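The entry's author numbering applies: residue 30 is where the sequence shown begins, and numbers increase by one. For every residue, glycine included, the Cβ atom is placed at its ideal position computed from N, Cα and C.
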Amino acid sequence: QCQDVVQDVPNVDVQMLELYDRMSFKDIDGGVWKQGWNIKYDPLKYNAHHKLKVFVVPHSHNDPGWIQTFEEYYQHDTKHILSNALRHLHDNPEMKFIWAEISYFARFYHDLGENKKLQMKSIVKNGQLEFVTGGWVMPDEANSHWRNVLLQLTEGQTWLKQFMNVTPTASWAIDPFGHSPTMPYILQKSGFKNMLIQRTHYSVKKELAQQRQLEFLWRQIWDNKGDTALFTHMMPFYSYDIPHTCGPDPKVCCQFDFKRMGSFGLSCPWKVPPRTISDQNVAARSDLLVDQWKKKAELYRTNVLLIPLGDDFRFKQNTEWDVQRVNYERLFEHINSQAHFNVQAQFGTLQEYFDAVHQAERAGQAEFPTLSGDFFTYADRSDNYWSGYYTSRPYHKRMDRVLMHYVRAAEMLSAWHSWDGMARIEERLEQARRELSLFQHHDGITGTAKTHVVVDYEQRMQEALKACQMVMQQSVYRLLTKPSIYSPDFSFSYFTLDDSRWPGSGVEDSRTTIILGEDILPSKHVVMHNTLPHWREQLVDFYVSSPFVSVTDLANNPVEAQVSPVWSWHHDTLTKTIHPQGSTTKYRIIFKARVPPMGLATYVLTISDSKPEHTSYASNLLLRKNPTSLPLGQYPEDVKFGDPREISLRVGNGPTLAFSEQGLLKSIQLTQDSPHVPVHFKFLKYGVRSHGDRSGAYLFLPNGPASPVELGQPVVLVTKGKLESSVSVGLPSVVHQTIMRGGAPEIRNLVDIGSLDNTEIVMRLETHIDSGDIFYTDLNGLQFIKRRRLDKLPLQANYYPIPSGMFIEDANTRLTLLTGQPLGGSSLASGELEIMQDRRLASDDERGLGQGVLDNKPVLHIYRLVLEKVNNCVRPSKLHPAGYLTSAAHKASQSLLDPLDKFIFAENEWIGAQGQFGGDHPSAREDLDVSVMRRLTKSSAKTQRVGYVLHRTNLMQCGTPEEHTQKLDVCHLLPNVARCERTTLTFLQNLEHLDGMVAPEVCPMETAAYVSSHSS
Ligand SMILES: *[C@@H]1O[C@H](CO)[C@@H](O)[C@H](O)[C@H]1NC(C)=O
Ligand SMILES: OC[C@@H]1[C@@H](O)[C@H](O)[C@H](O)c2nccn21
Ligand SMILES: [Zn+2]
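What follows is the structure in structure tokens.
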């Protein structure tokens, strides 16, 4: 049983945090290898009995959207590459080619007639065309949530298994801008044996190369045993293009990119063109090329050398296939027949390279170092750190996380039944999974694509959201209607989703108001869904046409509720203030919903002509100089006014929060007797450099530390209710809201950077926590890694991805900020946290995009802020590279990422309505999640199969006694189980047939997958 992930510091050869603390970072001219040194080799190292085995691996990097849309690239480029690949590989048996992006391959394959399909299958079966990774895309590693990394891998690999009968075990990640250990975590659990990465900091490449530590067994930071390890190969040079893959001198290597001789437009920037290989020059050319290979081979431990051969959208023209193939074949024939070289070179695939390396390891020829850590933040040269894309296009970053939840919910809700083909459930789920998967591309969620490409991704994600809504609402109808009364029309809307936080108040008026009245419809059913495997209570809110509404459950038990006005903010260009207006026609009703594990609960809203017994009304206070009245229609309590002043609020037994006269948090007091702890929000802006390198979509190159946003005298709105209170303030570019429901506050920022060109807006938290230079940021929502601010690095290098959370702590106190969207952030001084909200850049940053970022739109960012006493917690030691959340902070993260879903019944009467679904579902331990529940079979299959992915996090022990909980056995969630198997995380390979058809729960920090089979 389980590894302790807290108290044992793993012993690794390279631990990236420790290596950063020691490493120099000096940007020194290394010669032809600009960022390295002049490599020397011993010519007698290789001989008749010990030859350098060189695998030249043709490839073509195909971005599913970047400068053109996916479909534009497919029509203009990729359909040709793949057509020509099919023809040339089929005609040339020794030619090889690897392919990464299954989205394009599936797009292609489904346009192929049978003859070509058969031909394609044959070049895959004979090993000439090899799929690497096999994901739908090559995902970003900074902003992506691990659940979506696994989704897009499963989408591509399930397609490959079904249509090509192959499952890749080698991964190829040549382009994401920095690399995360979440990848080997997911890959290793999905049957992978090896992986290749490229974009790591040039200083790290030089450091590892010096020690021949470019190939290593990459384990997770908390892994003491090393069972998570995956063999990784890091490429050594500046790019994956031909000039940077043959050896250390690009002026030489460029001469062996035969597409650069003129007729393809392309040329060599180092001024020496390739020349066709002939008998008159083959010897000289071979000398040149082998010398480059033998230099590159010096950086590695075995006698097996990987030479990628490709670049972006290569192998497009038939003439290009011929010019590369024929010229390399001429080199290989000469080189391999010249004993004096002691080289055997051939086209290969990636798996061939790794198979050969491991054969060399097994022969005792090499031992490999172990490594843990991550590879952020990347810089490709000088002080050009790629921390800009941790925030770029934040509207779509947030939309990613919204779609993530709705895909999970729709797959889970619809999994409980088998559906007739006419329902189109599988079709809709496939479309949603594929649009979300596509967006995980390293120019998708990263916000590094052209404006019109961003719009395409946005439209596709909008379609996905609608598809999820359709599936979820049909599922709810079926799950909550008496079976003998259930009468579906599969094109009808029984329920509409109500989402309070997307697109968000002030972003879009998309919420429907429930219209009730004594003379018309008196009442309305609403339904909440809880995707998490434990009972959950959460305040939910609805818009209603009257303030006089009562809430009941479906046993007619009253439910305590609170009504508040609907407040919207407007840039009142008449008075030149950002101020709130109250609705006179609709109101917000809020109540606590309690919902079963992975289940549903129905409530009823009912109108009355006066105040209901169990409904209370918020008070409202507008703090501003020179106030004017704010009428609220029928709302029964008048708004109060006041001059700006410090205020204090407390909901329930929860913390007391104090606010500045500018409506920004100043302090938090946890309990009535405890101290008021300074926690101050502030908004600042970064600018761009006037001379030298410009920030763009990719790069963050600030012109110095951020300067405070001048606030003036902003308007502050205070709402005080029994269930929920809030302070909102209209600041320049940001409506900032602090919401209190009785535990950790929620923060919402409506961010509209307007036409503030060349500006980045940051939210900072200033505390007196003595964190020093240490802080913690998450990786892909999966784990928290210790960061150390280094003064030897510039500010932008100390920015990291914040895909779900960050924290600082000292011996007694921790401040944790959870996010509902991936953004960039740091701790730039002891006691501070900061997180970038948006950025508007009018300049290109010279990484191939050819535009700045000037397509900003209002976005509602959501957060939770958790202040905790941690002197009693059992924490890792100072040398441990991980941190872990407390239970409160983990639940707060879950509240942002997987909130209850809300449905409003769309017609007047719901005949056969039921009160609950899932009351008998086990309520699992709080650290356990069912990350995926997906039915894997269509309704015609005699044996139905459902897949589950279980993930258990690790939470800090802080002395709260553990409650009794029920064991979750996913294999018994559906009736008539006939088998339970443990599988790889993609569901594609059976790993263990389970005794008694019981799926065991998993250890802390482990993730497992199970498939239950059912007789149907
Ligand atoms: C799929 O690949 C396997 C190798 O695991 C092979 O034995 C089998 O013949 C292939 N199945 C089909 C249907 O082609
Ligand atoms: O500079 C990074 C960009 C990537 O964003 C993109 O995905 C693409 O593959 C590419 N080719 C050349 C440059 N780039
Ligand atoms: Zn790319």
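Handout entry: Cut-off 6 angstroms between Cβ atoms - residues of its own chain near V745, not counting five sequence neighbours on either side
Key = Taking the first residue of the sequence shown as position 1, residue 745 is located at position 716. The residues are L652, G692 and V758.
Problem - Length at least 3, wholly inside the stretch 214 to 252: the beta strand (DSSP E) runs in chain order - result: 223 to 226 and 244 to 247
Exercise for the section: Check whether the stretch 565 to 584 touches the stretch 607 to 621, counting contact only when three or more Cβ pairs, one atom from each stretch, lie closer than 8 angstroms. Expected result: In short, these stretches touch, since the Cβ pair count reaches three.
Handout entry: Chain-order list of residues whose beta-carbon lies under 7 angstroms from that of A395 (same chain, five-residue window excluded)
Key = Here the question's residue 395 lines up with position 366 in the sequence shown. By the criterion of a C-beta distance shorter than 7 angstroms, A395 is surrounded in its chain by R330, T331 and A389, once the five residues flanking it on both sides are discounted.
Problem - C-alpha distance - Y267 paired with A493, whole-angstrom precision - result: As a position in the sequence shown, residue 267 is number 238, starting the count at 1. As a position in the sequence shown, residue 493 is number 464, starting the count at 1. Near 37 angstroms, if we compare the C-alpha coordinates of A493 and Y267.
Practice task
Have a look at the DSSP bridge pairing and note the partners of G339.
Solution key: On the sequence shown, position 310 is the one that residue 339 refers to. Assignment of beta-bridge partners to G339 by DSSP yields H88.
Handout entry: Per-residue burial, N67 [other beta carbons within 10 Å of its own, 16 or more giving buried]
Key = For the purposes of this step, residue 67 is identified with residue 38 of the sequence shown, where counting begins at 1. Result: exposed.
Problem - Separation of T644 from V569, as counted between CA atoms - result: If you number the sequence shown from 1, residue 569 lands on position 540. If you number the sequence shown from 1, residue 644 lands on position 615. If you take the alpha carbons of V569 and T644, they lie about 14 angstroms apart.
Practice task
Check the C-beta distance from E861 over to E795 and give it rounded, since I have them as a contact under 8 angstroms.
Solution key: Counting from one through the sequence shown, the residue named residue 861 turns up at place 832. Counting from one through the sequence shown, the residue named residue 795 turns up at place 766. The pair is a contact, with the Cβ atoms about 5 angstroms apart (cut-off 8 angstroms).
Handout entry: Unbroken alpha helix (DSSP H) run spanning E459, endpoints
Key = On the sequence shown, position 430 is the one that residue 459 refers to. From DSSP, the alpha helix (DSSP H) with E459 extends over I454 to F468.
Practice task
Kindly indicate which residue of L225, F245, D340 and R289 has the alpha-carbon position closest to the one of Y269.
Solution key: Counting from 1 along the sequence shown, the entry for residue 269 is found at position 240. Residue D340 is the option with its Cα nearest to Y269.
Handout entry: Integer Cβ distance of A726 from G879, believed to fall under 8 angstroms
Key = Here the question's residue 726 lines up with position 697 in the sequence shown. Here the question's residue 879 lines up with position 850 in the sequence shown. Contact doesn't hold; Cβ gap of about 10 angstroms is too wide.
Handout entry: Assigned exposure category for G783 - 16 Cβ within 10 Å defines buried
Key = For the purposes of this step, residue 783 is taken as the residue at position 754 of the sequence shown. Under a 10 Å Cβ-count criterion, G783 is classified as exposed, with fewer than 16 other Cβ atoms of the shown protein chains found around its own Cβ.
Problem - Environment of ligand 2 in chain order, Cβ to heavy atom below 6 angstroms - result: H90, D92, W95, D204, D341, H471, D472, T477, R876 and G877
Handout entry: Closer than 7 angstroms: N585 CB and nearest ligand 5 heavy atom
Key = Summarising the ligand content, the structure contains ligand 1, ligand 2 and ligand 3 and does not contain ligand 5.
Handout entry: beta strand (DSSP E) runs contained entirely in the stretch 580 to 626, provided each spans 3 or more residues
Key = 590 to 601 and 606 to 624
Problem - N-terminal and C-terminal residue of the alpha helix (DSSP H) that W322 is part of - result: Counted from its first residue, the sequence shown places residue 322 at position 293. From DSSP, the alpha helix (DSSP H) with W322 extends over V311 to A326.
Exercise for the section: For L141, name the three-state secondary structure that DSSP assigns. Expected result: Sequence index remark: in the sequence shown, residue 141 carries index 112 (1-based). The answer is coil: DSSP assigns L141 none of H, G, I, E or B.
Practice task
Determine the burial state of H720: buried for a count of at least 16 other Cβ atoms within 10 Å of its Cβ, exposed for fewer.
Solution key: Working through the sequence shown from its first residue, we reach residue 720 at position 691. Counting C-beta atoms within 10 angstroms of its own C-beta, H720 has fewer than 16 neighbours from the protein chains shown and is therefore classed as exposed.
Handout entry: Check whether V166 and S132 have beta carbons under 8 angstroms apart
Key = Position 137 of the sequence shown, counted from the start, is the residue given in the question as residue 166. Position 103 of the sequence shown, counted from the start, is the residue given in the question as residue 132. Closer than 8 angstroms, so yes.
Problem - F192 versus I215, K150, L182 and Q217, residue with shortest Cα-Cα distance - result: Position 163 of the sequence shown, counting from 1, holds the residue named residue 192. Residue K150 is the option with its Cα nearest to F192.
Problem - Simplified DSSP state of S784, which is helix, strand or coil - result: Sequence index remark: in the sequence shown, residue 784 carries index 755 (1-based). Looking at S784 - three-state DSSP - the assignment turns out to be coil, as it is neither helix nor strand.
Handout entry: Among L509, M212, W322 and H1001, the one whose alpha carbon lies nearest that of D278
Key = As a first step, residue 278 must be located in the sequence shown, where it is residue number 249. Of the candidates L509, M212, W322 and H1001, the one whose C-alpha sits nearest the C-alpha of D278 is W322.
Handout entry: Neighbour-count burial assignment, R869, 16 or more Cβ in a 10 Å radius
Key = Looking up residue 869 in the sequence shown gives position 840. Buried: at least 16 other Cβ atoms inside 10 Å.
Exercise for the section: Could you say which of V86, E1035, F221 and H950 lies nearest to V624 if we only look at CA atoms? Expected result: Translated into positions along the sequence shown, residue 624 becomes position 595. Of the listed residues, the one whose Cα sits closest to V624 is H950.
Problem - Straight-line gap, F804 to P851 (C-alpha atoms, nearest Å) - result: Here residue 804 is taken as the residue at index 775 of the sequence shown, counted from 1. Here residue 851 is taken as the residue at index 822 of the sequence shown, counted from 1. Each residue's Cα considered, the two are about 17 angstroms apart.
Problem - Collapsed DSSP secondary structure at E362 in the structure displayed - result: Position 333 of the sequence shown holds residue 362. It is helical.
Practice task
Within the same chain, show all residues whose beta-carbon is closer than 7 angstroms to that of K815, passing over the 5 residues directly before and after it, in chain order.
Solution key: Within the sequence shown, numbered from 1, the residue matching residue 815 stands at position 786. So the list reads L46, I803, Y805, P910, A911 and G912, once near-sequence residues are dropped.
Practice task
Determine contact between the stretch 235 to 252 and the stretch 208 to 216, defined as no fewer than three beta-carbon pairs at a distance below 8 angstroms.
Solution key: Segments in contact, yes.
Handout entry: Burial state of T183, where buried means 16 or more other Cβ atoms lie within 10 Å
Key = For the purposes of this step, residue 183 is taken as the residue at position 154 of the sequence shown. Note on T183: 16 or more other CB atoms within 10 angstroms of its CB, so buried under the neighbour-count rule.
Handout entry: Distance between beta carbons of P205 and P168, contact taken as under 8 angstroms
Key = Mapped onto the sequence shown, residue 168 falls at position 139. Mapped onto the sequence shown, residue 205 falls at position 176. Contact flag correct, Cβ pair sits at about 7 angstroms.
Problem - Anticipated Cβ contact below 8 angstroms, residue 10 with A687, distance rounded - result: The chain is shown from 30 up to 1045; residue 10 falls before or after that span and cannot be answered.
Practice task
Take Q591 and list the residues in its own chain whose beta-carbon comes closer than 8 angstroms to its own, dropping the five residues that flank it on each side.
Solution key: As a working mapping, residue 591 is identified with position 562 in the sequence shown. Cβ neighbours of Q591 beyond the five flanking positions: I618, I619, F620, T644, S645, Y646, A647, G750, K751, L752 and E753.
Problem - Cβ pair count under 8 angstroms reaching 3, the stretch 499 to 509 against the stretch 436 to 454 - result: yes
Practice task
Compare the C-alpha of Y632 against each of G944, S89, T542 and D71 and name the closest.
Solution key: Along the sequence shown, one-based indexing puts residue 632 at 603. Minimum Cα distance to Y632 is reached at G944.
Practice task
Give the C-beta separation of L1017 and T187 to the nearest angstrom, bearing in mind that I take them to be a contact with Cβ-Cβ under 8 angstroms.
Solution key: In the sequence shown, residue 1017 corresponds to position 988, counting from 1. In the sequence shown, residue 187 corresponds to position 158, counting from 1. So it is a contact: roughly 7 angstroms between Cβ atoms.
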